[PDB]
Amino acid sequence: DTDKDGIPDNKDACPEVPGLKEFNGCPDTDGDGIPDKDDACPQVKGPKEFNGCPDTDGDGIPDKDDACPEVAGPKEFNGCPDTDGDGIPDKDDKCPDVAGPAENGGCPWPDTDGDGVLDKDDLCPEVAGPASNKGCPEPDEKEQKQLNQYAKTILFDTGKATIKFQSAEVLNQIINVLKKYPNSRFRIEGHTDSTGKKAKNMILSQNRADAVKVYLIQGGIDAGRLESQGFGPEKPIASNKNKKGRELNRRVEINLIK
């Protein structure tokens, strides 16, 4: 007995190390029943299933080989869980509990304003709008009428295209409405009645439309977003055979360009 463990030298698998009889004179350091020479975790108790290495979380992958030794996970990801099953392990999944594309981490593409147009596709991500306008709001039927109700109030000097001072208030109201729709374009329209010379009314209404466009530009609205057009008497909304009708036909409109 060279190492004095009780097991004869010839029948001592490890004759240099004092061990135990059960393992042919070889030591079992951690006492788990698997001798050191066969124990992949010789100082830590563990089942024979993993060669004396413990499987703490119980996913069938011993801690030594478990990339996430405390959380159960499939062998596909070396012991790391993919809870929502989007192929991205929780530890690298920005939204571990909701399946999502890899390019957005592991979260589904968000829709902040909830108009159904995803943030990455929503030209106006913070304001609800229809998808036909890339998620940007645009005036409905009743607001377009509202906008033209303001434009009706825009007054000019008789026979001239100079905007009267008193209508500066309604114009700024018009500006704020248009600022509410940054991505939309608008046609400024000048309309007269059929009284007098049509040729002169075409020029006048154009000059008046131009004037209103100029005012909106200085009020903040980008020039490229605006189109000015004189119609003369070419687009009546009322009869020209009576005074009240003609008064209705003399107007400025500010219409959404579709």
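Residue indices: 1-based, along the sequence shown.
The mean C-alpha temperature factor is higher for 29 to 37 when 29 to 37 and 43 to 51 are set side by side.
The stretch 112 to 120 shows the higher mean C-alpha B-factor when 112 to 120 is compared against 184 to 192 in the entry.
In the PDB entry, the Cα temperature factor peaks, among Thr162, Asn148, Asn172, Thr83, at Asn172. Sort the chain's modelled residues by C-alpha temperature factor and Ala238 lands in the lowest third, per the entry. In the PDB entry, a CA B factor belonging to the lowest third of its chain's modelled residues is recorded for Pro74. Placement of the Cα temperature factor of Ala67 within the chain: highest third of the modelled residues, per the deposited record. Annotation for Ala102: C-alpha temperature factor in the highest third relative to the rest of the modelled chain, per the entry. Ranked by Cα temperature factor within the chain, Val127 sits in the highest third according to the deposited record.
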